[PDB]
Every structure is written in structure tokens, then in C-alpha cells.
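Number of protein chains: 2
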Amino acid sequence: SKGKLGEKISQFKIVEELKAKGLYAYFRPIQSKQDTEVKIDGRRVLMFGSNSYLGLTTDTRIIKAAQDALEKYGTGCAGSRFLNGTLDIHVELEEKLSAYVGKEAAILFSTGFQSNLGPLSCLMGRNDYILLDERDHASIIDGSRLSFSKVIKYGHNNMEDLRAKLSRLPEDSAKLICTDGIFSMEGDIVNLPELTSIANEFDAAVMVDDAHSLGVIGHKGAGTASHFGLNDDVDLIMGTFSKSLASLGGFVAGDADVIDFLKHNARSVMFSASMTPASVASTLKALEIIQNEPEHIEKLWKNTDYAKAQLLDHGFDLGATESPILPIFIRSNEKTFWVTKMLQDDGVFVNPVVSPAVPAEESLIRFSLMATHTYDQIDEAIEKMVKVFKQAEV
Amino acid sequence: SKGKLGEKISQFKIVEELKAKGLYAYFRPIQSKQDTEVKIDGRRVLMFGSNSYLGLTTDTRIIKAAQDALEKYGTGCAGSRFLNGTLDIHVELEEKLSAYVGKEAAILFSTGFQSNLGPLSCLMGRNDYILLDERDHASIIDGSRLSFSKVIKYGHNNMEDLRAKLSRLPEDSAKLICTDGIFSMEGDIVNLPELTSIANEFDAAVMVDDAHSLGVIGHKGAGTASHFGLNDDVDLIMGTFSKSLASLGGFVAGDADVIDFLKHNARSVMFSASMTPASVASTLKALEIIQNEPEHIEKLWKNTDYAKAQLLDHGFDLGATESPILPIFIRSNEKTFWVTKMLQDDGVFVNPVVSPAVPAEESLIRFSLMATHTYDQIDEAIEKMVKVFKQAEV
Ligand SMILES: Cc1ncc(COP(=O)(O)O)c(CN[C@H](C(=O)O)[C@@H](C)O)c1O
Ligand SMILES: Cc1ncc(COP(=O)(O)O)c(CN[C@H](C(=O)O)[C@@H](C)O)c1O
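If you read the sequences in order, they're chains A and B. Take any residue in the first sequence, count from 1 to its spot, add 346: that is its number in my numbering. Take any residue in the second sequence, count from 1 to its spot, add 346: that is its number in my numbering.
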């Protein structure tokens, strides 16, 4: 029955207002591959809003690997990994990821989101604590809320605040610190050296979410611990397959004993169907390409360095990025919606960040690079972004 | 750092004990398609532990649809639906599911699990209530824990308990009742007529999880509301693609206004990458086959009725199933592990249910049918289950 339910959704007017103003730019149906240009309503649009940092969702070797796994294994596993849903290829991908990030063992999950729900829900319990950077990804906060522990947020990359909050806690309690590696809103990197120095002083577990780091930072893209040399100070390396690795799913890697506990105790793997064969095979082939062909990472960074220089040279106000995520400040929700829509209509796809995710005065568009971008495409998008920022009076 | 973390996992000994006793039967790597027989360590095993109720993960039309979508759309969308991760085919599948279950609109999620997290986390808030059957799936409890509401469990299919608990709540509060349609542990059906009569008297929203119901009950498999004629008394129909539909993902269907609110407010869709093209295409083709070819559902039920009769005739103790899930009571955790392993070694795959999921005295194995099972395969598995139950002294 719908009386109270209708009242619960009654105040949510922003979508109807964006649509009626002709500003609504969400859920655009793309008609093509995710690539440097996409097709929407039959036309071509430059894509600067993707997480496919290495451009690999169009790699024919990865497409064929997935098609071959469909041929051999079919469309789905139709069960949980612990029962009837494990394939030989899931185990192969766990062994290959463990080798890649330098850990004993790994467990896959069917999404990146569920990869954070698993360890955050089941390791810390009653009388224990989870410490979260306040800018951590939504799946980390949600995973931590599914624990029976006390969740404490600390200021963004604020090591004095982390240390102070750890200092207040009972000695006879377990603690876990969970952080994004690269944070996707400003593209900044966690202070892993100081965070792990603090974790060691308080004997806190460390988990790093490398969604935006794998294929981006670290030796051969192996992530944030690799970038800092701190593999031995990080208990759990989490990653996703939905960004550089061109697929869907994620993993948690760490010591065999911890991984054995997770794979039998995390509800998000015990009670959810396993990755499809096609996604396992595409992740395996993408992982082989990222390591064997260094050109993908190198050009991602050539594009990132070029576009960042060009944006700063044209006088854009950039956030404190250290990654291929170039946050461009607009500082008005209304201008951010207007710029986003006018750019889409003019052939450029960027992603808006608006209230209530951020304050109006910090509203921005995210311009993300892919290894497959050309300097001509970057130049075309920046020319159009100068024109639209002119029209919008930013 | 690992001192307290090592202490947190120290008491978890059951897996090391099962392995050392030679009883461990979990995470078996299958080397073939999910089918009526699977290959494990090179040998052939009858599969009676699957959720693929219609046998469709091997349908060449569904395999080819997925391979064609890889060819056209690549391996992944690399973003959230609201940004750069919507395809025309996602929208097509939402419109087709809305038509199938008889609702205005639908929103996909990348897993069934995340399909429950979405509506349960974001509709009821502070000062509101979620009412859950105590046997609801883990993803429903977890979704409800991610709300800011008060979560109340009621006794399993206990309508007097549901009504009593609703009666205690403030009138000036929203309420939502969430139930599995078919419950997977005993295979029983929710009392939807009485639950919806109570919901109407208290103006509570109703959500049904039809993971095990789609392709199983209802007209052309359209689920639990369809089975009872109660579409107009159910606000939200949730389903998964990982069972009859042979794929990965799920959806929530309902009124356009409610679905518009969810798709913009559910963290599990705002902050998680969209279904891969291959999985969208396989779900679309499976959905077309389930409706157009009635033989799949009919034979699922011919197999279910045959196997249930044969189990009862051989004197097995069955749970209160109304579905293709045939729960066989063993009532000893040690016998359940032993029977499960001896059956696997002898060529039969069933799924154990043990403490702490259930009391020792209610421990059981689940024997599930698929439309593609033959009566000969059913007979072979029951012959082997009689032999192993003899050896185990059940
Ligand atoms: C009633 C119900 N709802 C939701 C889900 C989650 O849907 P999924 O993410 O697509 O798996 C399941 C999963 N049931 C199986 C289980 O919990 O064993 C799982 C393996 O598919 C379920 O049984
Ligand atoms: C830091 C981080 N962790 C975990 C996840 C979840 O991984 P997924 O389930 O594979 O998507 C994301 C998703 N980031 C994107 C986002 O939140 O917009 C999402 C679309 O992929 C992320 O940015």
C-alpha cells in the first residue's frame, strides 16, 4: 500500500525540475561500445566521463576471451562460489591477482561494491572499531555499517585526526582502517606511509580500496601499496574489475588465513551468485595485457599530463588530483548542471558532482582520461569546454 | 598490522577441520558449463545443487546473444547507470521486465544482492519501520540494516506476529514489509494474500523478492504476485537474473515515481558499475524464451513432481516445499557434511544446510530440479542418495 510511501518520495523534486528545464543529462542510453567516442541518439560524443582508464573494453583479444568463455562455460554459474558456483577460471583469476598485488591469496566478488561489503562486514565485531577516511567510497561506509563494530570517520587524509581517534580507543579491541587508494572525487592519493605508520603503532589492520589505482599507479599498475613500497604494511588489498580491467566484479587479496575466513564468512560472497564466465575471462585477459604491454599505462599518463597542463594553461581551476581524474571546479550547482548538459549537447561527456554530495561552492565536473584518447580529442573537448564555460559565465 | 586481526579469525576452525577429515566439499572448481552434469577434476557429476531452474545457461541462443552483445558493446560499461554506464539494451530490459511483471517501470542492478540493498536502504528512514520475515534472504536483512529505519523481524510466515508488531507502531510513521516469495531453505511460499491484507489495513508498502519465483511460479513464470493475482497489492517486485534467467544482475519493478526515486537515491545503483552488455543480452534472450516456450516451466514441474514423489516413496523426510527446491532432512551437522562429501565423491552434487544457519536437528541437504534434468538422472541420483544415507546411518 502506498499512502506513507508516496509521502516518503514526495519531496524529491530535483529530477522533475532538471527534466522540465531541459537540463537532465543522466541515464543517457549509449548505443555503442564504451570508447573515446560513444553514440547517443545516433550522434557521436567524446567520452571524458569513463572509468575505463586503459581503453580496454574495446580490445578484441579481451572480447574474444569473453566470447570463448561463453562458448565453453555458458552464460552464468547459477550459484554461490562455496556451493555450485566456482569455476576453475575463478580460481585461476584469484591466483593471478594474488601474484599481481603480491599477496598469498584472493577471493573474488561479483561486484566491486560487494568486495568492500565482505571484509568490512565480518572482520571487526562487537567491541571493535572501523576507522574510515570521511571521503571513502559509499561501498566502504555501507560495508562498515553492516559490521557489528563501531564505525568512526576521520578527516580526509588527516593523519593527526586518525591518530587522535585511535588513541581514545580501548587497547583490548581490534581496529581496522579502510581507505580509498586514489579517491575519485578529487583524484588524490591516500597518505599511505603515515597511515600505515599509525596503524603499526596501534596494531590496526589496514585495508586499501584500489578501484581507481589498479592499472593506474604502482609497478605495472599493481596499485597503491605497490606505489609506496608498503605491501608488507597493508593487510588487505581490495580492487574492482569495472575500471582499468574493463569488466565487472572485484576481489580482496591478503594472507591465506584471513582470505579463508572471508570467503566462508562474508555474506556478500556466501549469498550472491559468482561472476559470469565471460567477466572472469575478460578480467584475466585484461590483467595479462596490463602487465605485458606497458604502453597502455604510459599513454594513460601521457594523456593525463597533457590534458592537465592544457586545462591549467586555459585557466581552469583544478582540484588536488594525482591521477587521470581531473576535477574542474564550477562552484554553483545550477552552473554545473547547465555546463554538463550544454557540453553533452555539444558532443562532450563529463560527470557532474553537485549537492548534496558536495557543497554548492565545491560543485565540479570530472574529466577523466583513457589510454586510447588522442591529443586531438583532448584539444576538441577543451575547445568546447572553454566555449561552454564562456556561455555559462564561469 | 595483524595482531588483533589474527585474534579475530583464530576461533574459526571448522574449515581446517573439514579439510583435515577429508569432508571439505566447498568451492569445488567446475570445469564445464553449469548443466545437469558438470565436470570436476575431470570426472562427471550430476548437478542437483543449482539455481538454474530452466537449464538455460547452456541454451545456444542465449550464448549467441551474449557473444553478439560483446561484439557490439564490448566487455563492460565502466560507469554507473546515471552517468556513463547506461546502454539502450539496459533500458530495453527494464521496459521488458516491467511488462513481464505488470508494473510501470523497473531499475536494474548489477547483482540480485544489490537489488535488495537499493530499495531497503533508501525508502524507509528515521522514525520509519521495515518489517522482515525472519527467514528473509541475507541481502534483505543487509539492505534493511543500511536504512536509517528500525528493522523488526516477524515469525516465519506468521501473520498474527506481523499484524501484532505493526499494531504497536506509531500511526505517523511509514512502514515497509519485505518478504521472499519462495524461501530457498525449505522452498515454501509466502502467505501473500494475508500479508497484503494486513499491509492494506496498516498502509504498509509491500516488497516481494522473487529470486526463486521468476521462471518458476506465476503466469509464464512472472512470480509470486502473479501466482496469487495480487499485482495491485504489491508495491515493489524485486527479482534476480542469476537463477532461471541464467545470468547475473537483478531488478526492482514498481510505480514510475517510486522507481524514479530509487534509481536516483539507491547507493547500490548510484555507486556501482552497470551490468555488462553480455549479461543484459543473455537476460533479454532468456526472458523471451521463458515466455515464448512454455515447455521449460512445464518440465521443471514434471521433474519436480516426479522427484518429490520418488523421494517420499523411498522414505526421505522432506521439508514443507512448494517449489523445485526439495529439502531433505538429515538432523546432524556431522552426517550432513559426511553425506554431502560421499555423494560428491559418488557423482551427485547437493547443497548442505548446517549450523550456524540452522540447528543441528534441522540440518538438511537441498536437492533442486532443472527443466533439463531427465527422469533417468533423477533416478540415478536418488539410487546413490539411498546408498549414501544407508552408509551414513540416516
Ligand atoms: C531470495 C534471494 N534474494 C536475493 C538473492 C541475491 O541474488 P544474487 O546476487 O543474484 O545471487 C538470492 C541469492 N541466492 C543464492 C544464495 O544465497 O545462495 C545466490 C547464490 O544466488 C536469493 O536467494
Ligand atoms: C573507490 C571505489 N570502490 C568501490 C567501488 C565499487 O566498484 P563497482 O561495484 O565495481 O562499481 C567504486 C565504484 N566507483 C564508481 C562510482 O561509484 O561511480 C562505479 C560506477 O564503478 C569505487 O570508486
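Built from N, CA and C at the ideal position, the CB exists for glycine as well.
- Here the distance from the Cβ of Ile486/A to the nearest heavy atom of ligand 2 is below 8 Å.
- Setting aside the 5 residues that flank it on each side, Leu591/B is surrounded in the same chain by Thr629 and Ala632, each with a C-beta closer than 6 Å to its C-beta; the list follows chain order.
- Residue pairing from DSSP places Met584/B in a beta bridge opposite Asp555/B and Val598/B.
- Per DSSP, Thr406/B is one residue of the alpha helix (DSSP H) stretching across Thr406 to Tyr419.
- Every alpha helix (DSSP H) of 4 residues or more that sits fully in the segment 630–685 of chain A is shown, in chain order, as 641–659.
- Judged by DSSP secondary structure, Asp479/B falls within the beta strand (DSSP E) whose first and last residues are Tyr475 to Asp479.
- The three-state secondary structure of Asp534/B, taken from DSSP, is coil.
- Contact check for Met505/A and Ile544/A: beta-carbon distance about 6 Å, within the 8 Å limit, so the pair qualifies.
- By the criterion of at least three beta-carbon pairs nearer than 8 Å, the segment 460–467 of chain B is in contact with the segment 482–489 of chain B.
- For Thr525/B, the enclosing beta strand (DSSP E) covers residues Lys521 to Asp526.
- Taking C-beta atoms under 8 Å as the contact rule, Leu433/A and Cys524/A fail to qualify, at a distance of about 29 Å.
- Using a cutoff of 8 Å, the CB of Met553/A does not count as near ligand 2, since none of the ligand's heavy atoms is closer than that.
- For the segment 596–608 of chain A, residues whose beta-carbon sits nearer than 8 Å to a beta-carbon of chain B comprise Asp601, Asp603, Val604, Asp606 and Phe607.
- Taking 9 Å as the CB threshold, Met731/A stays off the interface with chain B.
- Proximity of the segment 639–653 of chain B to the segment 539–558 of chain B falls short of the contact definition, fewer than three beta-carbon pairs being nearer than 8 Å.
- Interface annotation, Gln377/B: in contact with chain A, CB-CB separation under 9 Å.
- Straight-line spacing of the CA atoms in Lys511/A and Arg427/A works out to 38 Å.
- The Cβ of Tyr372/A sits closer than 9 Å to at least one Cβ of chain B.
- Under a 10 Å Cβ-count criterion, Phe494/B is classified as exposed, with fewer than 16 other Cβ atoms of the shown protein chains found around its own Cβ.
- Annotated three-state conformation of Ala484/B is helix, per DSSP.
- Interface annotation, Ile408/A: in contact with chain B, CB-CB separation under 9 Å.
- Distance from the C-beta of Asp526/A to the nearest heavy atom of ligand 2 is below 8 Å.
- With a threshold of 9 Å between beta carbons, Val700/A makes no contact with chain B.
- A distance criterion of 8 Å places the beta-carbon of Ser461/A in contact range of ligand 2, judged by its closest non-hydrogen atom.
- Taking all protein chains in view, the Cβ of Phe455/A is crowded by 16 or more other Cβ atoms within 10 Å, so the residue is classified as buried.
- Per DSSP, reduced to three states, the secondary structure at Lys496/B is strand.
- Counting C-beta pairs closer than 8 Å gives fewer than three between the segment 429–447 of chain A and the segment 663–670 of chain A, which falls short of the contact rule.
- Secondary structure of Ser347/B (DSSP, three-state): coil.
- When C-beta distances to chain B are compared with 7 Å, the residues of the segment 685–696 of chain A below that value are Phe695, in chain order.
- Taking 8 Å as the cut-off, one finds no heavy atom of ligand 2 near enough to the beta carbon of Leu454/A.
- The alpha carbon of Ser398/B has as its nearest neighbour, out of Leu658/A, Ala619/A and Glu680/A, the alpha carbon of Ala619/A.
- Residue side-chain check: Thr586/B places its Cβ nearer than 8 Å to a non-hydrogen atom of ligand 1.
- The beta carbon of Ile355/B sits closer than 9 Å to some beta carbon of chain A.
- Note that the C-beta distance between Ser669/B and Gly533/B is below 9 Å.
- For the 9 Å CB-CB criterion, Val696/B and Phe394/B form a contact.
- In terms of Cβ geometry, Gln413/B and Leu402/A do not form a close pair [threshold 9 Å].
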